[PDB]
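Colleague: Right, I'll just put the structure down here and ask away after.
FYI, it's all coordinate maths here, none of it is from the lab. Here the Cβ positions follow ideal geometry from the backbone for every residue, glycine too, while neighbour counts run over all protein chains shown.
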């Protein structure tokens, strides 16, 4: 099984190396928000 | 700061480990100073012919 693996193991192993790299740094989070799903400018949905 | 194989990571050090590292650094500094002094003495003695 180890000689073949699966797609789920690749993402789990690849993502594990990425998360471990961010923990050893100072993350500068930038929160991105979308006003509406209709791609309209100026209009906002409170819900 | 030392790499664990891929990226860099700040490794931890204990009290005994820090003391041993300080002792090793002092020993290496003294050895380098003695070597430099010996080299300077040899150069001053070997400057004639």
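Colleague: Can you compute the radius of gyration and Dmax for the protein assembly as shown, using only the Cα atoms, both in Å?
Modeller: 29.2, 93
Colleague: So how do A:37, A:47 line up by other beta-carbon neighbours within 10 Å, fewest first?
Modeller: If I rank by nearby Cβ atoms, fewest first, I get A:47, A:37.
Colleague: Sticking with this one: So what is the orientation-averaged projected area of chain A, using the convex hull of its C-alpha atoms, in nm²?
Modeller: 6.7 nm²
Colleague: Now a separate question. By how many degrees, 0 to 90 and rounded to 10, does the Cα axis of helix B:15-45 deviate from the longest principal axis of chain B?
Modeller: Roughly 20 degrees between the two axes.
Colleague: Right, here's the next one. Find how many whole Å separate the alpha carbon centroid of segment B:1-34 from the alpha carbon centroid of segment A:26-47.
Modeller: Cα centres, segment A:26-47 to segment B:1-34: 48 Å.
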